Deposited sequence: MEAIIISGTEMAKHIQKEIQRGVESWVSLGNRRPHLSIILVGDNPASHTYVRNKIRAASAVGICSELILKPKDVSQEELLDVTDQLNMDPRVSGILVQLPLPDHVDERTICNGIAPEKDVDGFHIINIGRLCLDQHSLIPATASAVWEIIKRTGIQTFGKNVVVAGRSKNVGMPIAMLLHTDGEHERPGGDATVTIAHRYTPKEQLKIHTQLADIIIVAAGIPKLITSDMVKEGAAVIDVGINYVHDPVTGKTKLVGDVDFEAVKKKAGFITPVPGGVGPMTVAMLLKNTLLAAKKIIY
């Protein structure tokens, strides 16, 4: 069947309008306009592209931003000095450290250096802890994005088989967490039956599991990891992969769009929604209502 191709770009646009209305409403009440401080380390052109999209989108919804550049050979200590300063600046509502960081910087240490209340990526251990206990939290943007695409398309999760191909602590694990957890908890989940796959799932076992799946979510960085033979007729296929090989996903799109009932393209799928959900988090953080 010809898959319905989900426009992340368009959905992100609708959602940015909602956040824009949200920001004006917050400022209409006597409150400070959200300010997002972004730290970009080094010269990765993809990292530079994503931060520009984030600043441009922030501007569009009336969220102030400032870009703090650091060179690739910056120290862990120097990064934590900046995060400390930003934590103490009451005009900064949100702090984002673009990943990945240089190999000599411990990611987990920097993530934990951001005040939870300002942690718009939700990578701080307290925010991860609260996510894993289904409490109100700043929910990681890409994970939020996937959940939002699913809900606004009307893809049913409740009682459904879902495979998450990816266990990363920033993307994979949060997706598994949102999708499988109780619909009635403080932070509702999808009530889906979730299989977690990763680099040590034999491909033959991954296929056996995807074949039974009502939803495949792949966040692997392996072009054509998901081939049409792996997909159940009518299934939803959410492609979080970004592969510069030409930009392609983890899904064999031209084949899988003939088998699936719903597919996200790359580019134009999860990417723009990552940006949108970060801005939602930036507004939410500014209102200081979780902590």
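*Asks:* Could you spell out the stretches of the deposited sequence that were left without C-alpha coordinates, going in sequence order?
*Replies:* According to the deposited record, C-alpha coordinates are absent only for 246 to 253, which is the whole missing part.
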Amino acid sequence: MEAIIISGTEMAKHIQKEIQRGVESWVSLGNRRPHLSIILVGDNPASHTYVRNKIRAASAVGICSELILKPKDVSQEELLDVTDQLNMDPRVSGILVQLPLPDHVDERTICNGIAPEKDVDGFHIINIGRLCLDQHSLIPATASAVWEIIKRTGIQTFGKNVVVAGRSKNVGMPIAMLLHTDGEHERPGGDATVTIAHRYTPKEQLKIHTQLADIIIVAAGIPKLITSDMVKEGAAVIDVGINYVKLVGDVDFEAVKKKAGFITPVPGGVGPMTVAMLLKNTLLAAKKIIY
From here on, numbers count along this sequence of modelled residues.
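*Asks:* Averaged over C-alpha atoms, is the B-factor higher for 14 to 22 or for 271 to 279 in this PDB entry?
*Replies:* According to the entry, 14 to 22 carries the higher average C-alpha B-factor.
*Asks:* So 121 to 129 or 83 to 91, which one's hotter by mean CA B-factor in the entry?
*Replies:* Mean CA B-factor is higher for 83 to 91.
*Asks:* For the listed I38, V251, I242, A236, which has the peak Cα B-factor recorded in the PDB entry?
*Replies:* Spelled out: the listed residue with the top C-alpha B-factor is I242.
*Asks:* Ordered by C-alpha B-factor within the chain, which third holds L138? Give me lowest, middle or highest, please.
*Replies:* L138: CA B-factor falls in the lowest third of its chain.
*Asks:* Taking the C-alpha B-factors as the PDB entry records them, is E148 in the lowest, middle or highest third of its chain?
*Replies:* According to the entry, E148 has a C-alpha B-factor in the chain's middle third.
*Asks:* Would you mind ranking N161 by its C-alpha B-factor against the rest of the chain and naming the third, lowest, middle or highest?
*Replies:* For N161, the deposited C-alpha B-factor lands in the middle third.
*Asks:* For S59, does the deposited CA B-factor place it in the lowest, middle or highest third of the chain?
*Replies:* Middle third - that is where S59 ends up once the chain's C-alpha B-factors are sorted.
*Asks:* Sorting the chain's modelled residues by C-alpha B-factor, tell me whether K72 ends up in the lowest, middle or highest third.
*Replies:* Answer is highest: the recorded C-alpha B-factor places it there.
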